[PDB]
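Below is one structure, written out as structure tokens; comments come after it.
Protein chains: 2
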Amino acid sequence: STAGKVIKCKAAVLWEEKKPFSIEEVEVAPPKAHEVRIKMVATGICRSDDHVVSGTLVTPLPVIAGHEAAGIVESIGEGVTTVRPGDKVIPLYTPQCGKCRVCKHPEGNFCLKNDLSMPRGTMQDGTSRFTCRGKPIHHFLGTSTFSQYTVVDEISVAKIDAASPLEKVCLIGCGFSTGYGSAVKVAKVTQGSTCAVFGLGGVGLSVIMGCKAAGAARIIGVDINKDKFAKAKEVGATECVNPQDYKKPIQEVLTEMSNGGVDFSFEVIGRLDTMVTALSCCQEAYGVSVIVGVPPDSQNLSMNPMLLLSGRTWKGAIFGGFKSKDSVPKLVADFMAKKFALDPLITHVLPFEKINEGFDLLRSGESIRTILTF
Amino acid sequence: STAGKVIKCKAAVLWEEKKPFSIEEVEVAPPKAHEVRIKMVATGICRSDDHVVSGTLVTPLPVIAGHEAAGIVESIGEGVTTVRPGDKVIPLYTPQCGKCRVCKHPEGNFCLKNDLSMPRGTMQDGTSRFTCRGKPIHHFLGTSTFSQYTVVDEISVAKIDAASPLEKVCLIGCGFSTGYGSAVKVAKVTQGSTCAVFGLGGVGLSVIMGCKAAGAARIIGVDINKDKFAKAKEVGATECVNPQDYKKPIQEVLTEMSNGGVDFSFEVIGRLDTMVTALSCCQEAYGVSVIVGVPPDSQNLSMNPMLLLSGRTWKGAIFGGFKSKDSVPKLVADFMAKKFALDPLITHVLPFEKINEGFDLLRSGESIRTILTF
Ligand SMILES: NC(=O)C1=CN([C@@H]2O[C@H](COP(=O)(O)OP(=O)(O)OC[C@H]3O[C@@H](n4cnc5c(N)ncnc54)[C@H](O)[C@@H]3O)[C@@H](O)[C@H]2O)C=CC1
Ligand SMILES: NC(=O)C1=CN([C@@H]2O[C@H](COP(=O)(O)OP(=O)(O)OC[C@H]3O[C@@H](n4cnc5c(N)ncnc54)[C@H](O)[C@@H]3O)[C@@H](O)[C@H]2O)C=CC1
Ligand SMILES: O=CNC1CCCCC1
Ligand SMILES: O=CNC1CCCCC1
Ligand SMILES: [Zn+2]
Ligand SMILES: [Zn+2]
Ligand SMILES: [Zn+2]
Ligand SMILES: [Zn+2]
């Protein structure tokens, strides 16, 4: 009934930076070979989407943003073998082509087909499937989930359990998996260790969940918004500290609290200064610090390399280090078996048409994750 | 005829920066409780010693430098249990107290009793055993090996094989162990991998030795002095490149040669720009870069944190990550079992009285390691 045809539907178009999204009609082309067109069911509001609005994260405009979502396949293009119409699916903003040197590496997950390093805002073939007012619109990280329908390349979608609650497991498309994996896969937090988590939004709360799952003895949450502390403690923090409360830099405070520095630290905000602070507060000889937050475009941090020469390890990761298409269905299955919880992250629910109120909630500090329903 | 008495002997005193060493008589006090007085037999000239002369490395002056050495115990103070008069020993510029959180950690080696982070230039008790022309002289990293006799704390000395050739195994006191361990212990180079080594002096050649022992398939040496390339290939480099030969930045050159970035890179020079270059030339999703070189005092580097967010790991280490008193006797035993070679590092052997000529050889680019014999 819609297969092979252009679909007219509503989407949230961003025409320029620092402006509200425009809810209006777009035209969605049918999928070409090895492409999948998806009817969206739920999408979360992640800070990275707000980074597109603010210019923190540069990608070509005008654009349909959104990358944390779940939906149901409407149709598939020629040659698609891994999903079928009617399947529940999660779009993958980090693809898994399975053929490049990173996909073949046992640890790597930043597939070389990604649209992050040199953003084009297109499908893999360099073209767009979206038109609005007769104008071509860019894609975002090959997903573009702020739309009733999107088209993604096959390497950018994973089939998930047919009984999955899509208004919850959309968070496995970004925020939960990023935070959880950053702790259990990237840092490899050890039982009995002391952890420090900078930033207690959706992703930082998920880092805390991973630290707790790994058996950390102490998990210190750090945020300048003390309203975030209650939920952080609910999901596993053993203390929370507000840097604004202290007359000393918080790296000094955390070093004292940990009797010489923490075992594992995580930057989950997106500021150059807290990236250096988080590295400094881990123990100088054997500490590990993981960058998760997204820095402002093209800006360099400044740091003393003696912080590394003493023995520290510094690393970062996209999507918690998970190979995306392998890991997303397994994470959904684990959620179905109650191995981790997603309800603590969901503070607000709104219809898709109220997307701008959802971003207002994020910017005011009141929300963790708002889930939008189509 | 010297136990319990002050010893008058020859040492090389550095009275101020950017001056030749002054070879003259000093007074060496007898060892106090848990101290060891050593008759030096051989000491190598390491670039870190030259860093003290040049002001790159700040430590209190005037000083008896030298930290890469081997000798024979002349006497021990009360309470010493790990060495005896007559023992062959190697001083440890990174102590191993066995009691701090770092010594008890399975990975850490930067013992909290070190004199590197906040240099005092004294014994552990805060005083000096050296006098010259009436004046107290500072120690260097708890070793001070540019002297016919030195006094060290028990936690800064290791007993080694009584049959050890000290004119060779003095290099296990710094240069060899640092480079070798940086490859095999800190980076954990894997079989079949591609490595890039920036800097082909004594430490860089030992990094190559470790990469080869770990089974690397490709080892690219990088140096602006092409005279270093012959020896680098002899000990395992498969290719050598001189950045001055290229119009493009060498991180771009190395990324092309490795078809997308190397598995492991090592900065073994001590320049801020080459630490950032070495990080950039390793593969963005799974590469590992190790800082070995000593940066100029109090200078910060500048880098883009997206280099880490994509998946790179950045780390540094002192003394190759080796727990010093545990590892040095085992490395000596490994050398005696012919498991690695030290002669490729030794280009010059001079009497101690020619220390300044040995430093001229290093600064001119002509030497790798000069061994000074007492
Ligand atoms: N590496 C990856 O793959 C991913 C990176 N991100 C990035 O992670 C970061 C966090 O994302 P969300 O949790 O959704 O954002 P969020 O905005 O909900 O949480 C950020 C938290 O940091 C706090 N904060 C802000 N400035 C602070 C400061 N100077 N000191 C201490 N705390 C401060 C805020 O009060 C807030 O609670 C963002 O930068 C996001 O773009 C998000 C998902 C994937
Ligand atoms: N982390 C640790 O525990 C230790 C650190 N070090 C430091 O390692 C570094 C190397 O030590 P050595 O091998 O003894 O010194 P070295 O002076 O013999 O070797 C340094 C090499 O770097 C080359 N080089 C200089 N500038 C260069 C540039 N822009 N690009 C490419 N190559 C360049 C030089 O030609 C030279 O061959 C020093 O900074 C030393 O202080 C030394 C031992 C222990
Ligand atoms: O939040 C989802 N994706 C992010 C990952 C880090 C770079 C910016 C985009
Ligand atoms: O070369 C020997 N020791 C070095 C170790 C790194 C800091 C300067 C001193
Ligand atoms: Zn996200
Ligand atoms: Zn791939
Ligand atoms: Zn040295
Ligand atoms: Zn110790």
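Residue numbers (the authors' numbering), protein chains in the order written: chain A, 1 to 374; chain B, 1 to 374.
Cβ atoms here follow ideal geometry from the backbone N, Cα and C, with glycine treated the same way.
Name the chain B residues that come within less than 7 angstroms of residue 60 (chain A), Cβ to Cβ?
-> Position 60 of the first sequence holds residue 60 (chain A). Residues of chain B passing the Cβ test: none, with the nearest at roughly 18 angstroms.
Which chain A residues sit within Cβ distance under 8 angstroms of residue 313 (chain B)?
-> Residue mapping note: residue 313 (chain B) aligns to position 313 of the second sequence, counting from 1. Under the 8 angstroms cutoff, chain A gives 313, 314, 315.
Opening and closing residue of the alpha helix (DSSP H) in which residue 27 (chain B) lies = In the second sequence, residue 27 (chain B) corresponds to position 27, counting from 1. It is not in any alpha helix (DSSP H) - residue 27 (chain B) instead sits in the beta strand (DSSP E) that spans 22 to 28.
Just how far apart, CA to CA, sit residue 228 (chain A) and residue 176 (chain A)?
-> If you number the first sequence from 1, residue 228 (chain A) lands on position 228. If you number the first sequence from 1, residue 176 (chain A) lands on position 176. Annotation: residue 228 (chain A) to residue 176 (chain A) spans about 17 angstroms, alpha carbon to alpha carbon.
Are there 16 or more other CB atoms within 10 angstroms of the CB of residue 324 (chain B), so buried, or fewer, so exposed?
-> Numbered from 1 along the second sequence, position 324 holds the residue referred to as residue 324 (chain B). Using a 10 angstroms sphere on the CB of residue 324 (chain B), the tally of other CB atoms reaches 16 or more, which defines it as buried.
Chain-ordered residues of the segment 334 to 365 of chain A with a beta carbon less than 9 angstroms from chain B | Within the segment 334 to 365 of chain A, no residue has a Cβ that lies closer than 9 angstroms to any Cβ of chain B.
Is the Cβ of residue 218 (chain A) closer than 8 angstroms to any Cβ of chain B?
-> If you number the first sequence from 1, residue 218 (chain A) lands on position 218. With its beta carbon at least 8 angstroms from every one in chain B, residue 218 (chain A) lies outside the interface.
Name, going along the chain, the residues of the segment 263 to 290 of chain B whose beta-carbon falls closer than 8 angstroms to a beta-carbon of chain A.
-> Cβ contacts with chain A: 272, 275, 283, 284, 285, 286.
Three-state class that DSSP yields for residue 240 (chain B) in the structure shown | Here residue 240 (chain B) is taken as the residue at index 240 of the second sequence, counted from 1. Correct three-state label for residue 240 (chain B): strand.
In chain order, what residues have a CB nearer than 7 angstroms to some heavy atom of ligand 6?
-> Selection around ligand 6 by beta-carbon proximity, strictly under 7 angstroms to any non-hydrogen atom, yields A:95, A:96, A:97, A:98, A:99, A:100, A:102, A:103, A:111, A:112, A:113 in chain order.
Using the beta-carbon count (16 or more within 10 Å), is residue 370 (chain A) buried or exposed?
-> Locating residue 370 (chain A) in the first sequence gives position 370, counting from the first residue. Its Cβ being crowded by 16 or more others within 10 Å, residue 370 (chain A) is buried.
How about residue 367 (chain B) and residue 348 (chain B): do their beta carbons lie closer than 8 angstroms?
-> As a position in the second sequence, residue 367 (chain B) is number 367, starting the count at 1. As a position in the second sequence, residue 348 (chain B) is number 348, starting the count at 1. Yes, these two residues count as a Cβ contact at 8 angstroms.
For the segment 139 to 158 of chain A, enumerate the residues whose C-beta is nearer than 9 angstroms to any C-beta of chain B, in chain order.
-> Hits within the stretch: zero.
Close-in-space but distant-in-sequence residues of the same chain around residue 161 (chain A) (CB under 8 angstroms, 5 per side omitted) = In the first sequence, residue 161 (chain A) corresponds to position 161, counting from 1. Around residue 161 (chain A): 88, 329, 332, 333, 336.
heavy atom of ligand 7 below 7 angstroms from residue 182 (chain B) C-beta = Taking the first residue of the second sequence as 1, we reach residue 182 (chain B) at position 182. No, Cβ of residue 182 (chain B) sits at least 7 angstroms from all heavy atoms of ligand 7.
Please find out if some non-hydrogen atom of ligand 1 comes closer than 7 angstroms to the beta-carbon of residue 225 (chain A).
-> Counting from one through the first sequence, the residue named residue 225 (chain A) turns up at place 225. Checking every heavy atom of ligand 1 against the Cβ of residue 225 (chain A), one is found closer than 7 angstroms.
Please confirm if residue 182 (chain A) has its CB atom under 8 angstroms from at least one CB of chain B.
-> As a first step, residue 182 (chain A) must be located in the first sequence, where it is residue number 182. By this cut-off, residue 182 (chain A) is not an interface position.
Helix, strand or coil: how does DSSP classify residue 228 (chain A) here?
-> Counting from 1 along the first sequence, the entry for residue 228 (chain A) is found at position 228. In the structure shown, residue 228 (chain A) sits in a helix (DSSP, three-state: H, G or I).
Which of helix, strand or coil DSSP assigns to residue 125 (chain A) = Looking up residue 125 (chain A) in the first sequence gives position 125. Collapsing the DSSP output to three states places residue 125 (chain A) in coil.
Could you say which of A:108, A:181, A:278 lies nearest to residue 223 (chain A) if we only look at CA atoms?
-> In the first sequence, the residue the question calls residue 223 (chain A) occupies position 223. Residue A:278 is the option with its Cα nearest to residue 223 (chain A).
With residue 202 (chain B) as the anchor, note down where its beta strand (DSSP E) starts and where it stops.
-> Indexing the second sequence from 1 puts residue 202 (chain B) at position 202. That residue, residue 202 (chain B), is in no beta strand (DSSP E); its alpha helix (DSSP H) goes 202 to 213.
Return the bridge partner residues of residue 46 (chain A) from the DSSP annotation.
-> Counting from one through the first sequence, the residue named residue 46 (chain A) turns up at place 46. The secondary-structure analysis by DSSP pairs residue 46 (chain A) with nothing; it has no beta-bridge partner.
Please determine if the segment 129 to 147 of chain B and the segment 296 to 308 of chain B are in contact, where contact requires at least 3 C-beta pairs separated by less than 8 angstroms.
-> No: the two stretches stay apart, fewer than three of their Cβ pairs being nearer than 8 angstroms.
Applying a beta-carbon distance threshold of less than 9 angstroms, which residues of chain B neighbour residue 102 (chain A)?
-> As a working note, residue 102 (chain A) is residue 102 in the first sequence. Within chain B, the residues near residue 102 (chain A) are 260, 283, 284, 285, 286, 311.
Any C-beta of chain B sitting closer than 8 angstroms to the C-beta of residue 92 (chain A)?
-> If you number the first sequence from 1, residue 92 (chain A) lands on position 92. By this cut-off, residue 92 (chain A) is not an interface position.
Measure the CB-CB distance between residue 115 (chain B) and residue 141 (chain B) and report whether it falls below 8 angstroms.
-> For the purposes of this step, residue 115 (chain B) is taken as the residue at position 115 of the second sequence. For the purposes of this step, residue 141 (chain B) is taken as the residue at position 141 of the second sequence. Yes, these two residues count as a Cβ contact at 8 angstroms.
In the DSSP assignment, find the unbroken alpha helix (DSSP H) run with residue 91 (chain A) in it and report its ends.
-> One-based indexing of the first sequence puts residue 91 (chain A) at position 91. No alpha helix (DSSP H) holds residue 91 (chain A); the beta strand (DSSP E) holding it covers 88 to 91.
Starting from residue 274 (chain B) and walking both ways along the alpha helix (DSSP H), at which residues does that stretch end?
-> Against the second sequence, residue 274 (chain B) aligns to sequence position 274. Unbroken alpha helix (DSSP H) run through residue 274 (chain B): 272 to 281.
Residues near residue 232 (chain A) by beta carbon distance below 7 angstroms, same chain, minus five either side = Position 232 of the first sequence, counting from 1, holds the residue named residue 232 (chain A). Within the same chain, Cβ atoms closer than 7 angstroms to the Cβ of residue 232 (chain A) are found at 200, 205, 208, 221, 240, the five residues on either side in sequence being excluded.
Examine ligand 3 and report whether any of its heavy atoms sits within less than 7 angstroms of the Cβ of residue 268 (chain A).
-> Numbered from its first residue, the first sequence carries residue 268 (chain A) at position 268. No - ligand 3 has no heavy atom lying nearer than 7 angstroms to the Cβ of residue 268 (chain A).
Residues bridged to residue 371 (chain A) by DSSP?
-> What you label residue 371 (chain A) is simply residue 371 of the first sequence in a count that begins at 1. DSSP, once it has assigned bridges, lists A:44, A:349 as partnering residue 371 (chain A).
Please find out if some non-hydrogen atom of ligand 7 comes closer than 7 angstroms to the beta-carbon of residue 67 (chain B).
-> For the purposes of this step, residue 67 (chain B) is taken as residue 67 along the second sequence, with counting starting at 1. Because some heavy atom of ligand 7 lies under 7 angstroms away, the Cβ of residue 67 (chain B) counts as near it: yes.
Residue 447 (chain A) versus residue 196 (chain A): straight-line alpha-carbon distance, rounded = Outside the shown range of chain A, which is 1 to 374, sits residue 447 (chain A), and nothing can be said about it.
Contact between the segment 3 to 20 of chain A and the segment 142 to 149 of chain A: three or more CB pairs below 8 angstroms?
-> Contact between the segment 3 to 20 of chain A and the segment 142 to 149 of chain A is present: three or more C-beta pairs spanning the two stretches fall below 8 angstroms.
Would you grab the beta carbon distance between residue 264 (chain A) and residue 189 (chain A) for me? Rounded to a whole angstrom, and I think it's under 8 angstroms.
-> Sequence index remark: in the first sequence, residue 264 (chain A) carries index 264 (1-based). Sequence index remark: in the first sequence, residue 189 (chain A) carries index 189 (1-based). Sure, about 5 angstroms apart at Cβ, within 8 angstroms.
Should residue 53 (chain B) and residue 24 (chain B) be called a contact, given that it needs their Cβ atoms to be closer than 8 angstroms?
-> Mapped onto the second sequence, residue 53 (chain B) falls at position 53. Mapped onto the second sequence, residue 24 (chain B) falls at position 24. The Cβ atoms of residue 53 (chain B) and residue 24 (chain B) lie no closer than 8 angstroms to each other.
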